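Shown here: work_33.csv, CSV, C-alpha atoms and all ligand atoms.
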```csv
chain,number,residue,atom,x,y,z
A,7,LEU,CA,0.0,0.0,0.0
A,8,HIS,CA,0.8,3.6,-0.6
A,9,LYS,CA,0.1,6.8,1.3
A,10,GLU,CA,-1.2,9.7,-0.9
A,11,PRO,CA,-1.8,13.3,0.1
A,12,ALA,CA,-5.1,14.9,1.1
A,13,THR,CA,-6.2,17.9,3.0
A,14,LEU,CA,-9.0,18.2,5.6
A,15,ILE,CA,-12.2,19.9,4.5
A,16,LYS,CA,-14.3,19.0,7.5
A,17,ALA,CA,-14.7,16.4,10.3
A,18,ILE,CA,-18.1,14.6,10.1
A,19,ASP,CA,-18.2,11.8,12.7
A,20,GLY,CA,-16.2,9.0,14.2
A,21,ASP,CA,-15.6,7.1,11.0
A,22,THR,CA,-16.3,9.6,8.1
A,23,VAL,CA,-14.4,12.7,7.2
A,24,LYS,CA,-14.5,15.1,4.2
A,25,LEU,CA,-11.2,15.5,2.5
A,26,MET,CA,-9.8,17.0,-0.6
A,27,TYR,CA,-8.1,14.2,-2.6
A,28,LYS,CA,-6.5,14.7,-6.1
A,29,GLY,CA,-8.1,18.2,-5.8
A,30,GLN,CA,-11.7,17.1,-5.4
A,31,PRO,CA,-13.9,17.1,-2.3
A,32,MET,CA,-14.8,13.6,-1.1
A,33,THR,CA,-16.3,12.0,1.9
A,34,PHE,CA,-14.1,9.1,3.1
A,35,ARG,CA,-15.3,6.2,5.2
A,36,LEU,CA,-12.7,4.5,7.3
A,37,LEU,CA,-11.9,1.0,6.3
A,38,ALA,CA,-12.5,-2.0,8.5
A,39,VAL,CA,-14.0,-0.2,11.6
A,40,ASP,CA,-17.3,1.0,12.9
A,41,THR,CA,-17.8,3.8,15.3
A,42,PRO,CA,-21.2,4.4,17.0
A,43,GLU,CA,-23.5,6.9,15.3
A,50,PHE,CA,-23.5,10.3,17.0
A,51,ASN,CA,-26.9,9.6,18.4
A,52,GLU,CA,-25.6,6.4,20.1
A,53,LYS,CA,-23.5,5.7,23.2
A,54,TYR,CA,-19.8,6.7,22.6
A,55,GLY,CA,-20.9,8.3,19.3
A,56,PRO,CA,-20.1,11.8,20.5
A,57,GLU,CA,-16.7,10.7,21.9
A,58,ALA,CA,-15.8,8.9,18.7
A,59,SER,CA,-16.7,12.0,16.7
A,60,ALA,CA,-14.6,14.2,18.9
A,61,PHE,CA,-11.7,11.9,18.8
A,62,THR,CA,-11.5,11.7,15.0
A,63,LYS,CA,-12.1,15.5,14.8
A,64,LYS,CA,-9.2,16.3,17.1
A,65,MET,CA,-7.0,13.9,15.3
A,66,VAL,CA,-7.7,15.2,11.8
A,67,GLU,CA,-8.0,19.0,12.7
A,68,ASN,CA,-4.7,18.9,14.7
A,69,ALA,CA,-2.7,17.1,11.9
A,70,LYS,CA,-0.2,18.9,9.8
A,71,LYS,CA,-0.3,16.2,7.2
A,72,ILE,CA,-3.3,14.0,6.3
A,73,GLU,CA,-2.8,11.0,4.1
A,74,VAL,CA,-5.1,8.5,2.4
A,75,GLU,CA,-4.0,4.9,1.9
A,76,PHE,CA,-6.3,2.8,-0.3
A,77,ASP,CA,-6.3,-1.0,0.0
A,78,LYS,CA,-6.2,-3.5,-2.9
A,79,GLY,CA,-10.0,-3.7,-3.4
A,80,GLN,CA,-12.8,-1.3,-4.1
A,81,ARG,CA,-11.9,2.4,-3.5
A,82,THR,CA,-15.5,3.8,-3.4
A,83,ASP,CA,-18.5,2.3,-1.7
A,84,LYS,CA,-22.1,2.1,-3.0
A,85,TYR,CA,-22.8,5.6,-1.5
A,86,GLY,CA,-19.8,7.2,-3.3
A,87,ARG,CA,-17.7,7.4,-0.2
A,88,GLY,CA,-13.9,6.8,-0.5
A,89,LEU,CA,-12.8,3.7,1.4
A,90,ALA,CA,-9.3,4.1,2.9
A,91,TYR,CA,-7.0,4.0,5.8
A,92,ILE,CA,-6.6,7.7,7.0
A,93,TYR,CA,-3.3,8.9,8.6
A,94,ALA,CA,-2.8,12.0,10.7
A,95,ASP,CA,0.9,12.9,11.0
A,96,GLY,CA,1.7,9.3,10.3
A,97,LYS,CA,-0.7,7.7,12.8
A,98,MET,CA,-3.6,5.7,11.5
A,99,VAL,CA,-7.0,7.1,12.6
A,100,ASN,CA,-8.7,3.7,12.1
A,101,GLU,CA,-6.2,2.0,14.4
A,102,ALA,CA,-6.3,4.8,17.0
A,103,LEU,CA,-10.1,4.7,17.3
A,104,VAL,CA,-10.0,0.8,17.8
A,105,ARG,CA,-7.2,1.2,20.3
A,106,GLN,CA,-9.1,3.6,22.4
A,107,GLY,CA,-12.3,1.4,22.3
A,108,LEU,CA,-14.1,4.0,20.3
A,109,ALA,CA,-14.6,1.7,17.3
A,110,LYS,CA,-15.0,-2.0,16.7
A,111,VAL,CA,-13.2,-3.9,13.9
A,112,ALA,CA,-16.1,-4.3,11.4
A,113,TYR,CA,-16.9,-4.5,7.7
A,114,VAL,CA,-13.9,-6.5,6.9
A,115,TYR,CA,-14.3,-7.4,3.3
A,116,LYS,CA,-12.0,-9.7,1.4
A,117,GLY,CA,-9.4,-7.7,-0.6
A,118,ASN,CA,-9.7,-4.5,1.5
A,119,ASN,CA,-8.3,-6.2,4.5
A,120,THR,CA,-4.5,-5.5,4.6
A,121,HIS,CA,-4.5,-4.0,8.0
A,122,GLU,CA,-7.1,-6.4,9.6
A,123,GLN,CA,-4.8,-8.1,11.9
A,124,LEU,CA,-3.1,-4.8,13.1
A,125,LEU,CA,-6.6,-3.5,13.9
A,126,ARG,CA,-7.7,-6.7,15.7
A,127,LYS,CA,-4.6,-6.5,17.8
A,128,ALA,CA,-5.6,-3.0,18.9
A,129,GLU,CA,-9.1,-4.1,19.7
A,130,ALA,CA,-7.8,-6.9,21.8
A,131,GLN,CA,-5.7,-4.4,23.9
A,132,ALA,CA,-8.7,-2.0,24.2
A,133,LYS,CA,-10.9,-4.8,25.3
A,134,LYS,CA,-8.3,-6.0,27.9
A,135,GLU,CA,-8.2,-2.4,29.2
A,136,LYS,CA,-12.0,-2.3,29.3
A,137,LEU,CA,-11.9,1.1,27.4
A,138,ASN,CA,-15.1,2.9,26.4
A,139,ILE,CA,-17.2,0.5,24.3
A,140,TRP,CA,-15.6,-2.3,26.2
A,141,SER,CA,-16.1,-0.8,29.7
A,201,LIG,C1,-16.7,0.4,5.8
A,201,LIG,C2,-17.6,-0.1,4.6
A,201,LIG,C3,-18.9,0.2,4.6
A,201,LIG,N1,-19.6,-0.2,3.5
A,201,LIG,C4,-21.1,-0.1,3.5
A,201,LIG,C5,-21.7,-1.3,4.3
A,201,LIG,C6,-23.0,-0.7,5.0
A,201,LIG,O1,-24.1,-0.8,4.1
A,201,LIG,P1,-25.5,-0.4,4.7
A,201,LIG,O2,-25.7,1.2,4.6
A,201,LIG,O3,-26.4,-1.1,3.5
A,201,LIG,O4,-25.7,-0.9,6.0
A,201,LIG,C7,-22.5,0.7,5.2
A,201,LIG,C8,-22.0,0.8,6.7
A,201,LIG,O5,-21.4,2.2,6.8
A,201,LIG,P2,-21.8,3.1,8.0
A,201,LIG,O6,-21.3,2.4,9.3
A,201,LIG,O7,-21.1,4.4,7.7
A,201,LIG,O8,-23.4,3.2,8.2
A,201,LIG,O9,-21.5,1.0,4.2
A,201,LIG,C9,-19.1,-0.8,2.4
A,201,LIG,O10,-19.8,-1.2,1.5
A,201,LIG,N2,-17.7,-1.1,2.4
A,201,LIG,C10,-17.0,-0.7,3.5
A,201,LIG,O11,-15.7,-0.9,3.4
A,202,CA,CA,-20.7,4.0,11.8
```
The structure in this file should be written as structure tokens.
Amino acid sequence: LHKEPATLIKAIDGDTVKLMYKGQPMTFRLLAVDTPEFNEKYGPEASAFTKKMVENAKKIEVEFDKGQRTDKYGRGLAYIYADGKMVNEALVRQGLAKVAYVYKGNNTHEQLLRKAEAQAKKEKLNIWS
């Protein structure tokens, strides 16, 4: 996989963010995770966590996996990095997302993410509390 440049346009919620990629506005959905909706428990905390990570970053990057790059809603599917730290992984590690929606061929970082979920669950963090 390859990291590509993007700039933040706007935080949306725990697992979606609007970025400019190749010069075009796009909503990205984070691969292989699921945050609670804003209206649900830990939804507000997940939203705030992602927002802080992407707004504070000097460099946002997008990393597509080997499979589909857009979902059926037109959202980009990627792993998102803030100053070199993967947002997807950071959310899982903090118990603010679950590993989820792991489709064959967009699953490169599955086992990294599952390792983070295990440590979050061992710590009883947030969703796992
Ligand atoms: C993360 C991800 C979601 N999706 C689709 C599956 C779900 O379809 P449904 O809308 O039919 O449930 C939806 C879950 O995203 P959200 O958790 O943002 O709602 O997006 C993909 O198709 N590929 C993906 O990689
Ligand atoms: Ca969600």
Of A:83, A:75, A:52, A:101, the one nearest to ligand LIG 201 (chain A) when counting all atoms listed in the file is A:83
Non-local contacts of residue 89 (chain A) (7 Å; only C-alpha atoms; under 3 positions in same chain excluded) as a PDB file with C-alpha atoms, in the coordinates of the input:
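Ended up saving to selection_25.pdb:
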```
ATOM      1  CA  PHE A  34     -14.100   9.100   3.100  1.00  0.00           C
ATOM      2  CA  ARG A  35     -15.300   6.200   5.200  1.00  0.00           C
ATOM      3  CA  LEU A  36     -12.700   4.500   7.300  1.00  0.00           C
ATOM      4  CA  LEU A  37     -11.900   1.000   6.300  1.00  0.00           C
ATOM      5  CA  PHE A  76      -6.300   2.800  -0.300  1.00  0.00           C
ATOM      6  CA  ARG A  81     -11.900   2.400  -3.500  1.00  0.00           C
ATOM      7  CA  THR A  82     -15.500   3.800  -3.400  1.00  0.00           C
ATOM      8  CA  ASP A  83     -18.500   2.300  -1.700  1.00  0.00           C
TER       9      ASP A  83
END
```
- Task: Please identify every polymer residue within 9 Å of ligand LIG 201 (chain A), using only C-alpha atoms and all ligand atoms, and present the set as an NGL selection string.
- Result: :A and (21-22 or 35-43 or 80-85 or 87-90 or 112-115 or 118)
**Asked** Leaving out region 125-141 of chain A and any residue of its chain fewer than 5 positions from it, which residues lie within 9 Å of it when counting all atoms listed in the file, given as an NGL selection string?
**Response** :A and (38-39 or 53-54 or 100-102 or 104-111)
Legend entry - Pick from A:68, A:27, A:18, A:122 nearest to ligand CA 202 (chain A), counting all atoms listed in the file: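 The shortest atom-to-atom distance to ligand CA 202 (chain A) comes from A:18.
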message = Quick one: residues within 9 Å of residue 93 (chain A), all atoms listed in the file, excluding same-chain residues fewer than 2 positions away - as a list in words?
response = residues 9, 66, 69, 71, 72, 73, 74, 75, 91, 95, 96, 97, 98, 99 and 100 of chain A
**Between CA of residue 117 (chain A) and CA of residue 17 (chain A) - distance in Å to one decimal** =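 Interatomic distance, CA of residue 17 (chain A) to CA of residue 117 (chain A): 27.0 Å.
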inquiry  = Give me, as number ranges by chain, all polymer residues having an atom no more than 9 Å from residue 31 (chain A), counting all atoms listed in the file and skipping those fewer than 6 positions away in the same chain.
reply    = A: 15, 24-25
Keeping only C-alpha atoms, write the selected residues to a file as a short mmCIF file (atom, residue, chain, number, x, y, z; two decimals), in the frame of the given file.
```cif
data_model
loop_
_atom_site.label_atom_id
_atom_site.label_comp_id
_atom_site.auth_asym_id
_atom_site.auth_seq_id
_atom_site.Cartn_x
_atom_site.Cartn_y
_atom_site.Cartn_z
CA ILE A 15 -12.20 19.90 4.50
CA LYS A 24 -14.50 15.10 4.20
CA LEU A 25 -11.20 15.50 2.50
#
```
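Nearest to residue 23 (chain A) of all the residues A:86, A:77, A:92, A:51 is A:92, based on all atoms listed in the file.
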Query - Counting all atoms listed in the file, the option among A:29, A:124, A:19, A:67 closest to ligand CA 202 (chain A) - result: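 Closest to ligand CA 202 (chain A), using all atoms listed in the file: A:19.
Checking A:70, A:26, A:58, A:14 one by one against ligand CA 202 (chain A), counting all atoms listed in the file, you find the shortest gap at A:58.
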Which distance in Å separates CA of residue 7 (chain A) and CA of residue 59 (chain A), to one decimal?
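Rounded to one decimal, the two atoms are 26.5 Å apart.
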